Amino acid sequence: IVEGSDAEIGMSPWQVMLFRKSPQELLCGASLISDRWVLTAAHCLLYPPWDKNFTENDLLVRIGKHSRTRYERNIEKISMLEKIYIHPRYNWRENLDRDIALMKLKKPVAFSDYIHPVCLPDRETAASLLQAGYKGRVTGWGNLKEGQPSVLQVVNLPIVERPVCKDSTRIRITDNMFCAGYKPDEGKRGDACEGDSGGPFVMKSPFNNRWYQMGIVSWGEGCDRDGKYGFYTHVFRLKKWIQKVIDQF
Amino acid sequence: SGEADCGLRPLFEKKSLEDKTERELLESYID
Amino acid sequence: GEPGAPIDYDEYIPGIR
Ligand SMILES: *[C@@H]1O[C@H](CO)[C@@H](O)[C@H](O)[C@H]1NC(C)=O
């Protein structure tokens, strides 16, 4: 997270850290949507241009963590993966269209003060909140500039009108993405950055006081560049795939 | 299919406490 | 005021991240 601040304890209890088992290394962010299922970006697992192809036995997730290197026993839980699922029309060649993946845990995790799932949006919630100028919250342990933090970072960012998003990049934007961040004339700054991929973009519904995951940190050009914006997987548009995956398996 | 208790943080919403920046979200939705 | 992306269901070096 660039230009963010330290998270409060239990502020983002759906945060998941994705680690490679051996050698141990922080790979990505992720989010908890049930006691067995974790949502993340497809490019965290499969990205052929970098010879990246992680399968279930290469990975672990850490849930309930607040420090980044410390092993917080009794406060965090480490879970193995039973299976991963990459969107079958995920497009790594051109633009990361449908940058989404599900991971099923080998055992269900017990919820606690530090572990609790985030909601997925329904149609009324998405239409109400996914508007230009409305702010969401991004969290991660990624780099602060294009150093690394000691505690999970958090930053609030406004959704940007889609015509401005398109004009900002040469990549062809699909309907499965939106972009967020401050415009050059707005004074405030902030962005996701390398290592924040796969983490959630969340918004709090004024209608029922619940936090909803609207996006997945997908890609951007640099971090926090004037006139450039971070792009996010449009979770609502892909919600039927998520339900299809969870319902069959 | 969505779990009934999702999106309500034990240490905040469940205790009727707000975090240091969530008002900034709500203000962007209203103002 | 404007949607940041369509509210409907999916039918069917890219960045430095
Ligand atoms: C990923 O690696 C596995 C090895 O477990 C292999 O069977 C599979 O074909 C690979 N997938 C690719 C390269 O898309």
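Don't worry about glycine lacking a Cβ; one is built from the backbone with ideal geometry, like all the others, and counts go over all protein chains shown. We did not get these values from a lab; they are worked out from the coordinates using the rules stated.
Against the definition (more than 16 Å from the ligand (Cβ to nearest atom), within 14 Å of chain B (Cβ to nearest Cβ), of a type in the set (K, R) and more than 16 Å from the chain's Cα centre (by Cα)), how does A:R73 come out, yes or no? Against the criterion (more than 16 Å from the ligand (Cβ to nearest atom), within 14 Å of chain B (Cβ to nearest Cβ), of a type in the set (K, R) and more than 16 Å from the chain's Cα centre (by Cα)), A:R73 does not qualify. Beta carbons closer than 8 Å, at least 6 apart along the sequence or on distinct chains, pair a first residue in segment A:82-96 that is more than 16 Å from A:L39 (Cβ to Cβ) with a second that is part of a loop (DSSP other than H, G, I, E, B) and of a type in the set (A, V, I, L, M) for A:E94/A:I171; A:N95/A:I171; A:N95/A:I173. Within segment A:87-112, the set of residues being surrounded by fewer than 20 Cβ atoms within 10 Å (Cβ to Cβ) and part of a strand (DSSP E or B) comprises A:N91, A:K104.
Test of understanding: among A:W50, A:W37, which residue is under 21 Å from B:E3 (Cβ atoms) and either within 16 Å of the ligand (Cβ to nearest atom) or of a type outside the set (S, T, Y) (or both)?
Working: A:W50 fails: under 21 Å from B:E3 (Cβ atoms).
Sole residue among the options that is under 21 Å from B:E3 (Cβ atoms) and either within 16 Å of the ligand (Cβ to nearest atom) or of a type outside the set (S, T, Y) (or both): A:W37.
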